Every structure is written in C-alpha cells, then in structure tokens.
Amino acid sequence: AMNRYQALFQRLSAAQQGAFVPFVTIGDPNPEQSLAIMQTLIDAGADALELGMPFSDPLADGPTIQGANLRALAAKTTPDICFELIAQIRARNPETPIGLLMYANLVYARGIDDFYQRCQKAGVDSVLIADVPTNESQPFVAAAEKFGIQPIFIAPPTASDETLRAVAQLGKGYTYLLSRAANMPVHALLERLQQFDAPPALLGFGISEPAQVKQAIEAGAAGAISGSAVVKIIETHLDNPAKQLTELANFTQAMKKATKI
C-alpha cells in the first residue's frame, strides 16, 4: 500500500494544491523548543517536514543552516536526541511525512544499517544523503530498502541520464530538484524526470518567498521546500521563543497559501 508521500501527493492534487515543506535543524535552539517549532510548522499547514541533524563543520561557517548547527550543538544535541524528538513528532502526528536531510558523516558514524533501523523505529519516511552521488549510493539504498525508508535524491539541472535512471530506479517519495536560479532548464528537467519515471519533484534551493512556491507549482513541480528561510526566522528571534513560533506559523501559512489554486 501507499507510502506517506504517495498519499500526500494524490490527496493534494485532488485539492488542487501543491506541497509546502519547511526545513529545520533538529535541536535548534534546544530540544524542547525544537519540538515546539516542529509541531508549529505542522499545525500551521506544512505538508511534510524536512529535518537535519547538527554536526560541526568550522571551515564552512557562515550560512544560516550552519548557524543552526552551532546552536543545536551548543545545546548538546546528539543523534540519539534527534531520533527521540522525531519519535515524539511522529507519535503526535501519525499522518505527516517526515524526511531527513543527512550528510553521510552521521549515517556512517554508527553504521549505515544502524542508522536506517533507528529511522524506522522513529517513524521516518525518507532519507536524503546530501553528499553521496547516485552511483555510490548502493549501501544507503540497501539499508533504506531493508527498513522501508524512501531514498531521496538530488537532481541538479545538469543531471546525466545515468543519474536520472538511478533516481527513478532507486529513489522513492520525491525528487529534490536543486535549481540555482531562463525557465526552460526547469521545464526541461521536470519533463525529463517524468520520462524517466522519477518520483514527483520538489524545488528545493533558494526558496524563500511565497511567489517562488506558486511559480514552482505553475512550472509543474509537485511542491517546494524552504531551507534557510525557516531557520532564519528562528535565528532572528532567538531572544523570544514565543515570537519564534508565531513568526514561523505566519511564514508557513503564507508559503502554504501560495500552493493553492
């Protein structure tokens, strides 16, 4: 029977909407507030969550998500903590698809198979391994398959046929369409992905305005994902937890509204 994303997309299409998926780092600014943040996103109309686990990368300091990683680490977030938090979100929201956007480091650290087992225990739907190409993805996918987890791949504009083949054969759930930006390349790739029979596309890069969401859907994507812009809201109101939440709800409502009509 249908996985959570297959059902989401069919239900949304019947409602003539696309999907809005916000991204947050788990444990930012601390576990308890991160739990409130995740629930607030769901309650305000996020169609699924995309979630990152924190790790240190001092050479890459500066961008918003790295900023989140530092806060979560300062709060002593560990992967065990991240899985406990995901479990609680899953228990309270049994229908909401939950995807993880991981870097390989933490997935290898305690064994690949171990990681995906923990994913199944916590109720994760999908895992996107940000920094391993499709042609090296075999042990990730084998693990994902064993634990019923949908593998999510990135498909850049330049994607080769053998890359898109892999996406369609190995990937489930959705395809992460990274577009760093005239419209023809995006239109070309959406059409290509369908011809290869890949999972539905979410446009995922630099998406910060409601109009970008509406445009993604108009071009034919299934929805859009917003990284930085959700995390930025958390950073802007670090001093005031209550306003973090009301601003995250307001932003989420605006972005989800742009998925309609």
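In case it trips you up, residue 1 is the first one in the sequence shown, and so on.
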Practice item. Quick one: classify how much of the deposited chain lacks coordinates between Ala181 and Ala182, choosing none, 1 to 3, 4 to 9, or 10 or more. Key: 4 to 9
Revision key, fill the gap. With B-factors read from the PDB entry, the higher C-alpha mean of 190-198 and 206-214 is in 190-198
Practice item. Return whichever of 91-99 and 155-163 has the greater mean Cα B factor according to the PDB record. Key: 155-163
Check your understanding: Which of these, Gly27, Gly67, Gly220, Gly52, has its C-alpha atom at the highest B-factor, as the entry lists it?
Key -> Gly220
Review point. So where's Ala254 on the chain's Cα temperature factor ranking, which third?
Key: middle
**Study point:** Relative C-alpha B-factor of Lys121, binned into the chain's lowest, middle or highest third
**Key:** middle
Practice item. Using the B-factors in the PDB entry, rank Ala104's C-alpha atom against the chain and give the third, lowest, middle or highest. Key: middle
**Study point:** Third of the chain, ranked by Cα B-factor, where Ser137 sits
**Key:** middle
Check your understanding: Within this chain, which third does the Cα B-factor at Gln39 fall in: lowest, middle or highest?
Key -> middle
